[PDB]
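Engineer: experimental structure and sequence below, a few questions after.
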Amino acid sequence: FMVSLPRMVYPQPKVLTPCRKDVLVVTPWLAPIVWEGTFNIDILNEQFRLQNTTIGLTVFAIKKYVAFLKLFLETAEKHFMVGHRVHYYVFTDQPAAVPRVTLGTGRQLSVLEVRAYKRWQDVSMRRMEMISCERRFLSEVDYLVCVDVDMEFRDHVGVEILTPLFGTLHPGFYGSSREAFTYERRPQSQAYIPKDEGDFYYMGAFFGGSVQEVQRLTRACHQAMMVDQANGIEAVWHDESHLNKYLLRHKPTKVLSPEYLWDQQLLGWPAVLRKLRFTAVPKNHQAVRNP
Ligand SMILES: O=c1ccn([C@@H]2O[C@H](COP(=O)(O)OP(=O)(O)O)[C@@H](O)[C@H]2O)c(=O)[nH]1
Ligand SMILES: OC[C@H]1O[C@@H](O)[C@H](O)[C@@H](O)[C@H]1O
Ligand SMILES: [Mn+2]
């Protein structure tokens, strides 16, 4: 049950004036696509604080990737869900390498030790299995957000993203035709998507939803990965290929714009992005992924 919102004074929405004319702000299945200028964060904060919403954030920091945790967590403290209850779940093979970051009130961090796989591909792929400790999240949070660690927050990421199931537009493909999307194209893989199908190319680095929908997604992607393994096939882009297949067949109830997953080194700061909220930290793939 949801109580009434309080009286609030804010600018009237104008029906014959769009917030954004340059971009698509709603998908064909009537899910909002979240860009700056489409939301009044004061209305949304009130809605979600009246539900006493708790947001869980999962992040994996395996082997050398523990080096990314200090910046990831300190910038999350400045920009992620501030004002709301937040539970960070840091999955790592080195609990003593987790930095001691100072947290604001109402925010907590749990360290979950897990095994380290040798291949960076398996480390990345096995997050779906790892996420899918399930009774724990149902008791502790309302929503789960699942992100890469080699990242930093630079601007607001808040309750405008929350919904039963979201994906994020990959910053390399948001202007691309679907034939150019790097979906898995071999019919032998569970992740296969034909050239004439696909709405968007979603990023594996940022998805989330309610706990129920995230466990559905991560269980289905892990099951599909295990089928591929038994068939001796590994999808072209690993968990991201499976996430794409799942979100094609189970449409997300919001889509985040690429404000929410950007790489300023590779892609700069285009005019269509009013804010760069969550961005890649430069790294050397070969060095950081191997001993
Ligand atoms: O040795 C590794 C390789 C990957 N990861 C995790 O898997 C995510 C995805 O891999 P990565 O960021 O390397 O993929 P990219 O964004 O470079 O495609 C990382 O953010 C970490 O959360 C990790 O912890 N240790
Ligand atoms: O083509 C898809 C790939 O695009 C790259 O930019 C990215 O680093 C990979 O993680 C994968 O998303
Ligand atoms: Mn990454």
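Structural biologist: That came through, no problem. Numbering: from 1, shown residues only. Ligands and ions are numbered 1, 2, ... in the order given.
Engineer: center of the protein - which residue?
Structural biologist: The centroid of the chain falls nearest to residue 206 when counting by Cα atoms, centre = their mean (1.7 Å).
Engineer: ok, what's across the strand from it?
Structural biologist: Beta-bridge partners recorded for residue 206 (DSSP bridges): residue 147.
Engineer: likewise residue 89?
Structural biologist: Beta-bridge partners of residue 89, as defined by DSSP bridges: residue 58, residue 110.
Engineer: what about the closest residue to residue 35 other than its chain neighbours, neighbour count?
Structural biologist: Computed as Cβ to Cβ, 6 or more residues apart in numbering, the closest residue to residue 35 that is not its neighbour in sequence is residue 257, at 4.4 Å. For the C-beta atoms, the positions are set from N, CA and C on the backbone; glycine is no exception. Residue 257 has 25 neighbouring residues, counting by other Cβ atoms under 10 Å.
Engineer: residues contacting residue 90?
Structural biologist: 59, 61, 69, 98, 109-112 (Cβ atoms under 8 Å, 6 or more residues apart in numbering).
Engineer: which element is residue 87 on?
Structural biologist: strand 85-92 (DSSP states H and E).
Engineer: chain center to that strand, what's the gap?
Structural biologist: Its chain's C-alpha centre and that of strand 85-92 lie 14 Å apart, by Cα atoms, centre = their mean, to the nearest Å.
Engineer: is ligand 1 contacted by it?
Structural biologist: No: figure legend: strand 85-92 not in contact with ligand 1 (Cβ under 6 Å from any ligand atom); closest approach 7.7 Å.
Engineer: buried residues in stretch 262-281?
Structural biologist: 262-263, 273, 275-281 (16 or more other Cβ atoms under 10 Å).
Engineer: let me fix that: stretch 42-59
Structural biologist: 45, 48, 53-59.
Engineer: reformat these as a markdown table; add distance to residue 200.
Structural biologist: Listed next are the buried residues of stretch 42-59 as a markdown table, based on distance: Cβ to Cβ, whole Å:
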| residue | distance to residue 200 |
| --- | --- |
| 45 | 27 |
| 48 | 25 |
| 53 | 26 |
| 54 | 28 |
| 55 | 23 |
| 56 | 25 |
| 57 | 23 |
| 58 | 22 |
| 59 | 24 |
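Engineer: just the closest of those to ligand 1, please.
Structural biologist: In terms of Cβ to the nearest ligand atom, no member of these lies closer to ligand 1 than residue 59, at 6.2 Å.
Engineer: what sits against the closest one?
Structural biologist: Residue 59 neighbours (Cβ under 8 Å, 6+ apart): 69, 72, 88-91, 147-149.
Engineer: just give the nearest non-adjacent residue to it, would you?
Structural biologist: Of all residues not flanking residue 59 in the chain, residue 149 sits nearest, at 4.8 Å (Cβ to Cβ, 6+ apart).
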